[PDB]
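Printed here is final.tsv (TSV, N, CA and C atoms):
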chain	number	residue	atom	x	y	z
A	1	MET	N	71.52	-56.61	-169.20
A	1	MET	CA	72.19	-57.25	-170.35
A	1	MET	C	73.33	-58.15	-169.89
A	2	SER	N	73.54	-59.28	-170.56
A	2	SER	CA	74.57	-60.28	-170.21
A	2	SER	C	76.02	-59.78	-170.28
A	3	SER	N	76.27	-58.61	-170.86
A	3	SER	CA	77.58	-57.95	-170.82
A	3	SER	C	78.06	-57.72	-169.38
A	4	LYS	N	77.19	-57.21	-168.50
A	4	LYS	CA	77.44	-57.05	-167.06
A	4	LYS	C	77.79	-58.36	-166.36
A	5	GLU	N	77.38	-59.48	-166.94
A	5	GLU	CA	77.60	-60.83	-166.42
A	5	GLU	C	78.89	-61.48	-166.98
A	6	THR	N	79.55	-60.86	-167.97
A	6	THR	CA	80.64	-61.48	-168.76
A	6	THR	C	81.86	-60.58	-169.03
A	7	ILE	N	81.86	-59.31	-168.62
A	7	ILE	CA	82.87	-58.30	-168.93
A	7	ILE	C	84.31	-58.78	-168.60
A	8	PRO	N	85.26	-58.77	-169.56
A	8	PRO	CA	86.61	-59.31	-169.36
A	8	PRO	C	87.41	-58.59	-168.27
A	9	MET	N	88.15	-59.33	-167.45
A	9	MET	CA	89.11	-58.73	-166.52
A	9	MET	C	90.22	-57.97	-167.27
A	10	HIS	N	90.64	-58.41	-168.47
A	10	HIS	CA	91.62	-57.65	-169.26
A	10	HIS	C	91.12	-56.24	-169.63
A	11	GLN	N	89.81	-56.08	-169.89
A	11	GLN	CA	89.16	-54.79	-170.13
A	11	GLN	C	89.07	-53.95	-168.85
A	12	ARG	N	88.69	-54.56	-167.72
A	12	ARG	CA	88.69	-53.88	-166.41
A	12	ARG	C	90.08	-53.37	-166.07
A	13	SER	N	91.11	-54.22	-166.16
A	13	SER	CA	92.50	-53.83	-165.89
A	13	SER	C	92.99	-52.70	-166.80
A	14	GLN	N	92.56	-52.62	-168.07
A	14	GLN	CA	92.94	-51.52	-168.97
A	14	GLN	C	92.28	-50.18	-168.57
A	15	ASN	N	91.07	-50.22	-168.00
A	15	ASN	CA	90.35	-49.06	-167.47
A	15	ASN	C	90.88	-48.60	-166.09
A	16	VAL	N	91.10	-49.54	-165.16
A	16	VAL	CA	91.83	-49.36	-163.89
A	16	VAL	C	93.21	-48.75	-164.13
A	17	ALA	N	93.88	-49.10	-165.23
A	17	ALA	CA	95.19	-48.53	-165.55
A	17	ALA	C	95.15	-47.02	-165.90
A	18	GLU	N	94.02	-46.45	-166.33
A	18	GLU	CA	93.88	-44.99	-166.50
A	18	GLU	C	93.73	-44.24	-165.17
A	19	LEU	N	93.01	-44.84	-164.21
A	19	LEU	CA	92.95	-44.43	-162.80
A	19	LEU	C	94.34	-44.52	-162.13
A	20	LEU	N	95.06	-45.63	-162.34
A	20	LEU	CA	96.41	-45.88	-161.85
A	20	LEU	C	97.36	-44.73	-162.22
A	21	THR	N	97.36	-44.31	-163.49
A	21	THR	CA	98.19	-43.20	-164.00
A	21	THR	C	97.88	-41.86	-163.33
A	22	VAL	N	96.61	-41.58	-162.97
A	22	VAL	CA	96.23	-40.38	-162.22
A	22	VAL	C	96.67	-40.47	-160.75
A	23	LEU	N	96.60	-41.64	-160.11
A	23	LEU	CA	97.11	-41.82	-158.74
A	23	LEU	C	98.65	-41.73	-158.69
A	24	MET	N	99.34	-42.27	-159.70
A	24	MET	CA	100.78	-42.13	-159.92
A	24	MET	C	101.20	-40.66	-160.11
A	25	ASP	N	100.34	-39.85	-160.72
A	25	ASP	CA	100.48	-38.39	-160.82
A	25	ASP	C	100.39	-37.70	-159.44
A	26	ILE	N	99.59	-38.21	-158.49
A	26	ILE	CA	99.57	-37.67	-157.11
A	26	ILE	C	100.91	-37.95	-156.42
A	27	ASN	N	101.50	-39.13	-156.66
A	27	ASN	CA	102.80	-39.48	-156.08
A	27	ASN	C	103.94	-38.61	-156.62
A	28	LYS	N	103.82	-38.11	-157.86
A	28	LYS	CA	104.67	-37.05	-158.43
A	28	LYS	C	104.40	-35.69	-157.78
A	29	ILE	N	103.15	-35.21	-157.78
A	29	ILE	CA	102.76	-33.86	-157.33
A	29	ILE	C	103.01	-33.63	-155.83
A	30	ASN	N	102.79	-34.65	-154.99
A	30	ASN	CA	103.08	-34.60	-153.54
A	30	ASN	C	104.52	-35.04	-153.20
A	31	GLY	N	105.28	-35.56	-154.17
A	31	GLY	CA	106.66	-36.02	-154.02
A	31	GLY	C	106.85	-37.15	-153.02
A	32	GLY	N	106.05	-38.21	-153.19
A	32	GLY	CA	106.17	-39.45	-152.45
A	32	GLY	C	107.22	-40.43	-153.00
A	33	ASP	N	107.18	-41.64	-152.46
A	33	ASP	CA	108.15	-42.74	-152.63
A	33	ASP	C	107.63	-43.90	-153.51
A	34	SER	N	108.54	-44.76	-153.98
A	34	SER	CA	108.25	-46.02	-154.68
A	34	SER	C	107.26	-46.94	-153.95
A	35	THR	N	107.36	-47.03	-152.62
A	35	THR	CA	106.43	-47.79	-151.77
A	35	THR	C	105.05	-47.13	-151.67
A	36	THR	N	105.00	-45.80	-151.73
A	36	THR	CA	103.75	-45.03	-151.80
A	36	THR	C	103.09	-45.19	-153.18
A	37	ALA	N	103.88	-45.37	-154.25
A	37	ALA	CA	103.40	-45.78	-155.57
A	37	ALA	C	102.87	-47.23	-155.57
A	38	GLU	N	103.44	-48.14	-154.77
A	38	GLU	CA	102.82	-49.45	-154.50
A	38	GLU	C	101.47	-49.33	-153.77
A	39	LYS	N	101.34	-48.43	-152.78
A	39	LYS	CA	100.04	-48.07	-152.19
A	39	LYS	C	99.04	-47.51	-153.22
A	40	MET	N	99.48	-46.72	-154.22
A	40	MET	CA	98.59	-46.27	-155.31
A	40	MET	C	98.03	-47.45	-156.13
A	41	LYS	N	98.86	-48.46	-156.44
A	41	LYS	CA	98.40	-49.70	-157.09
A	41	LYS	C	97.34	-50.43	-156.25
A	42	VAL	N	97.57	-50.54	-154.93
A	42	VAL	CA	96.64	-51.15	-153.96
A	42	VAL	C	95.32	-50.37	-153.87
A	43	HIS	N	95.34	-49.04	-153.97
A	43	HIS	CA	94.16	-48.18	-153.90
A	43	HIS	C	93.28	-48.40	-155.14
A	44	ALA	N	93.90	-48.48	-156.32
A	44	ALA	CA	93.19	-48.80	-157.55
A	44	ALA	C	92.55	-50.20	-157.50
A	45	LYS	N	93.30	-51.22	-157.08
A	45	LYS	CA	92.83	-52.62	-156.99
A	45	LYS	C	91.81	-52.85	-155.86
A	46	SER	N	91.80	-52.02	-154.82
A	46	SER	CA	90.71	-51.99	-153.82
A	46	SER	C	89.47	-51.29	-154.37
A	47	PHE	N	89.63	-50.16	-155.09
A	47	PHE	CA	88.52	-49.47	-155.76
A	47	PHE	C	87.82	-50.36	-156.79
A	48	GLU	N	88.60	-51.07	-157.61
A	48	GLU	CA	88.14	-52.01	-158.64
A	48	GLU	C	87.18	-53.05	-158.06
A	49	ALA	N	87.68	-53.73	-157.03
A	49	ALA	CA	86.98	-54.77	-156.29
A	49	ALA	C	85.72	-54.25	-155.56
A	50	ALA	N	85.76	-53.01	-155.08
A	50	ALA	CA	84.64	-52.37	-154.37
A	50	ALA	C	83.59	-51.80	-155.33
A	51	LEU	N	83.98	-51.43	-156.56
A	51	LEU	CA	83.06	-51.11	-157.64
A	51	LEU	C	82.40	-52.37	-158.21
A	52	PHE	N	83.13	-53.49	-158.28
A	52	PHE	CA	82.59	-54.79	-158.69
A	52	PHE	C	81.44	-55.26	-157.78
A	53	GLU	N	81.43	-54.89	-156.49
A	53	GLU	CA	80.32	-55.14	-155.56
A	53	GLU	C	78.99	-54.44	-155.94
A	54	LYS	N	79.07	-53.32	-156.68
A	54	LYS	CA	77.96	-52.43	-157.10
A	54	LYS	C	77.74	-52.32	-158.63
A	55	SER	N	78.41	-53.19	-159.39
A	55	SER	CA	78.47	-53.35	-160.86
A	55	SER	C	77.18	-53.48	-161.69
A	56	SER	N	75.98	-53.11	-161.21
A	56	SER	CA	74.67	-53.56	-161.74
A	56	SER	C	74.32	-53.21	-163.21
A	57	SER	N	75.15	-52.44	-163.91
A	57	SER	CA	75.24	-52.39	-165.38
A	57	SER	C	76.69	-52.14	-165.80
A	58	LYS	N	77.11	-52.62	-166.98
A	58	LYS	CA	78.42	-52.27	-167.57
A	58	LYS	C	78.57	-50.76	-167.73
A	59	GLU	N	77.51	-50.06	-168.12
A	59	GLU	CA	77.51	-48.60	-168.23
A	59	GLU	C	77.58	-47.90	-166.86
A	60	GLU	N	77.15	-48.54	-165.76
A	60	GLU	CA	77.32	-47.99	-164.41
A	60	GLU	C	78.73	-48.23	-163.87
A	61	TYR	N	79.34	-49.40	-164.13
A	61	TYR	CA	80.76	-49.65	-163.86
A	61	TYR	C	81.64	-48.67	-164.65
A	62	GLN	N	81.43	-48.56	-165.97
A	62	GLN	CA	82.20	-47.67	-166.85
A	62	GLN	C	82.03	-46.18	-166.50
A	63	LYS	N	80.80	-45.68	-166.25
A	63	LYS	CA	80.59	-44.27	-165.90
A	63	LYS	C	81.07	-43.95	-164.49
A	64	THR	N	80.91	-44.85	-163.52
A	64	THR	CA	81.44	-44.63	-162.16
A	64	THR	C	82.97	-44.60	-162.14
A	65	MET	N	83.64	-45.45	-162.94
A	65	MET	CA	85.09	-45.39	-163.15
A	65	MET	C	85.50	-44.03	-163.76
A	66	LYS	N	84.81	-43.58	-164.81
A	66	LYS	CA	85.03	-42.27	-165.45
A	66	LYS	C	84.86	-41.12	-164.44
A	67	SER	N	83.82	-41.16	-163.61
A	67	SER	CA	83.53	-40.15	-162.60
A	67	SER	C	84.49	-40.18	-161.40
A	68	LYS	N	85.10	-41.34	-161.10
A	68	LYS	CA	86.20	-41.45	-160.11
A	68	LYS	C	87.50	-40.88	-160.67
A	69	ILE	N	87.80	-41.16	-161.95
A	69	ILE	CA	88.91	-40.54	-162.69
A	69	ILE	C	88.73	-39.01	-162.72
A	70	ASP	N	87.52	-38.50	-162.98
A	70	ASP	CA	87.18	-37.07	-162.93
A	70	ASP	C	87.39	-36.43	-161.54
A	71	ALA	N	87.04	-37.14	-160.47
A	71	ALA	CA	87.27	-36.69	-159.09
A	71	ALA	C	88.77	-36.64	-158.74
A	72	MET	N	89.54	-37.64	-159.17
A	72	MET	CA	90.99	-37.71	-158.93
A	72	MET	C	91.78	-36.74	-159.82
A	73	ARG	N	91.38	-36.57	-161.09
A	73	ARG	CA	91.85	-35.52	-162.01
A	73	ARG	C	91.67	-34.15	-161.37
A	74	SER	N	90.46	-33.85	-160.88
A	74	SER	CA	90.16	-32.59	-160.19
A	74	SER	C	90.98	-32.44	-158.91
A	75	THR	N	91.26	-33.55	-158.22
A	75	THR	CA	92.12	-33.55	-157.03
A	75	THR	C	93.59	-33.25	-157.36
A	76	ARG	N	94.15	-33.65	-158.52
A	76	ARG	CA	95.50	-33.18	-158.97
A	76	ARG	C	95.60	-31.66	-158.93
A	77	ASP	N	94.57	-31.02	-159.46
A	77	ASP	CA	94.44	-29.56	-159.56
A	77	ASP	C	94.29	-28.90	-158.18
A	78	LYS	N	93.55	-29.56	-157.27
A	78	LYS	CA	93.36	-29.13	-155.88
A	78	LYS	C	94.63	-29.16	-155.07
A	79	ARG	N	95.31	-30.30	-155.13
A	79	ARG	CA	96.65	-30.48	-154.55
A	79	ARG	C	97.68	-29.51	-155.13
A	80	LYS	N	97.43	-28.93	-156.32
A	80	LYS	CA	98.29	-27.88	-156.91
A	80	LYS	C	98.02	-26.51	-156.30
A	81	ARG	N	96.76	-26.17	-155.99
A	81	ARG	CA	96.40	-24.93	-155.28
A	81	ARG	C	96.96	-24.93	-153.86
A	82	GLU	N	96.84	-26.07	-153.21
A	82	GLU	CA	97.40	-26.35	-151.88
A	82	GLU	C	98.94	-26.46	-151.85
A	83	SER	N	99.61	-26.66	-152.99
A	83	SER	CA	101.08	-26.79	-153.04
A	83	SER	C	101.79	-25.53	-153.55
A	84	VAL	N	101.22	-24.84	-154.55
A	84	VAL	CA	101.86	-23.70	-155.25
A	84	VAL	C	100.92	-22.52	-155.56
A	85	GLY	N	99.61	-22.63	-155.29
A	85	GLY	CA	98.64	-21.54	-155.52
A	85	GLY	C	98.28	-21.28	-157.00
A	86	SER	N	98.44	-22.29	-157.87
A	86	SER	CA	98.15	-22.23	-159.32
A	86	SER	C	96.85	-22.95	-159.68

Could you spell out this file's structure in structure tokens?
Amino acid sequence: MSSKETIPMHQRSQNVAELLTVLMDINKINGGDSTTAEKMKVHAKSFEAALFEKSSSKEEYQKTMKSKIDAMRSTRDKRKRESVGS
């Protein structure tokens, strides 16, 4: 479908921004720095660009983003077992 050929960057950036907030949560949970939060922005914008290489449906871009958010969400919880045993 031509949606995969036309999807707005403003829509991609709004979805990348939900991933950004979960990576910013790692910088809280591990107690990193403002420059390490700049590395979190770079990690999201590298992921975005590397998912765009494999974008072969809008529903595959959208579900792979959701499943990366699910992996990083689950990693917040993992880093909590490794930090405090909860």

For this session: Write out as JSON, numbers by chain the residues lying within 9 Å of residue 3 in chain A, counting only C-alpha atoms and excluding same-chain residues fewer than 4 positions away.
Result: {"A": [7, 57, 58]}

Exercise. From the set A:16, A:65, A:24, A:1, which residue has the shortest atom-to-atom contact distance to residue 44 in chain A, counting only C-alpha atoms?
Worked result: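 Smallest separation from residue 44 in chain A among the options: A:16.
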
For this session: For range 49-53 of chain A, please output as a PyMOL selection string all residues within 10 Å (counting only C-alpha atoms; exclusion window: fewer than 5 positions along the same chain).
Result: chain A and resi 12+44+60-62+64-65

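We find atom N of residue 4 in chain A and atom C of residue 59 in chain A to be spaced 9.5 Å apart.
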
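The space separating atom N of residue 75 in chain A from atom C of residue 9 in chain A comes to 26.1 Å.
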
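You can rank A:10, A:54, A:39, A:28 by their closest distance to residue 80 in chain A using only C-alpha atoms, and at the top of that list sits A:28.
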
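Closest approach to residue 25 in chain A from the set A:42, A:8, A:76, A:70 is made by A:76, with distances taken over all atoms listed in the file.
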
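Going from CA of residue 55 in chain A over to atom N of residue 43 in chain A, you cover 18.7 Å.
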
Exercise. How would you write, as a ChimeraX atom specification, the set of residues in chain A that DSSP gives as alpha helix (DSSP H)?
Worked result: /A:9-29,34-52,58-84
